[PDB]
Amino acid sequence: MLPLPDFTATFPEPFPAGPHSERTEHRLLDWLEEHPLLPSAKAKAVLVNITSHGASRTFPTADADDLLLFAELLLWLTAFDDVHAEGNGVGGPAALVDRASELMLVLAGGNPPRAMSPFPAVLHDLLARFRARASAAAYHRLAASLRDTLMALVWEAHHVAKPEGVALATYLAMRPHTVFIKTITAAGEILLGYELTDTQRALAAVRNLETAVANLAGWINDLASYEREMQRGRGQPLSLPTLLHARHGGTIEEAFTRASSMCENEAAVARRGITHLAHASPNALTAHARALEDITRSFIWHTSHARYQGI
């Protein structure tokens, strides 16, 4: 069972998906035969599916080409998380640090030594295509979001063995960086062809909406992933219900009820923020509100995927 959040009042189904979902899924499989990032063909098929079909919901406006770019970056990042991070790879946190440091060198520019992992070179190519498409500031924001995620995955890898050693407030601030929401949005500004001034980014209305969408994305993933993340060998995962259970005692069921209330409140904040920003102003504050709405709908959609709940 486990109580789950109900978004009917804030983000009702269905979530619009754009056209190019099945082509993207095929062009992603051709790309991956050219750059094998996943060991298993089974794992590859599930991840290619949720990425392509999820990307259709994240950016319904699209362009079959722009969509494939974003889908390739998101699959690259998720595959890296799944192969190396969260303790999935051997060698402990130290091996992830070595892999993350190679990627930092790609991000810093100026040809680093060749790596025997394929992830650095793919990232190099992906960043090249995004740099050509984005403004200078927009690329920098994409690159920053990725640098921050790498530090946060290193952080997570040092705490998965003892999730109870993490304070709830630290987890809530770190989780937006491990759920990739900042990279998704920075990629969205590029591909949807808009960009906010640094003064607009400082607006409370803009920050409060971005915070609520980041919280909601991480928390719903935590709830949707808890059973799968649990069925592995290790104990409780480093995630929201585990920390609420440690904080309040009681049962996991009551932790999920608490988390589900947290998520519904956060969805209400996000809905109200989308309405404020969409009620016109600069066209950049709209479009951004609409970009964040579709990103949010796609995160709610992907919790029903096989990657999380099987059948």
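The first residue of the sequence shown is number 1, and the count goes up from there.
Averaged over CA atoms, B-factors in the entry run higher in 189 to 197 than in the other of 207 to 215 and 189 to 197. Taking the mean C-alpha B-factor of each stretch as recorded, 164 to 172 and 108 to 116 are not equal, and the higher mean is that of 108 to 116.
Of the residues listed, 51, 265, 242, 286, the entry assigns the biggest Cα temperature factor to 286. The PDB entry assigns its highest CA temperature factor, among 259, 252, 47, 277, to 277. Ranked by Cα temperature factor within the chain, residue 141 sits in the middle third according to the deposited record. Per the deposited record, the Cα B-factor of residue 135 falls in the highest third when ranked against the other modelled residues of its chain.
Annotation for residue 24: C-alpha temperature factor in the highest third relative to the rest of the modelled chain, per the entry.
Residue-level temperature factors show residue 126 in the middle third of its chain, judged at the C-alpha atom.
The PDB entry assigns residue 78 a C-alpha temperature factor belonging to the lowest third of its chain's modelled residues.
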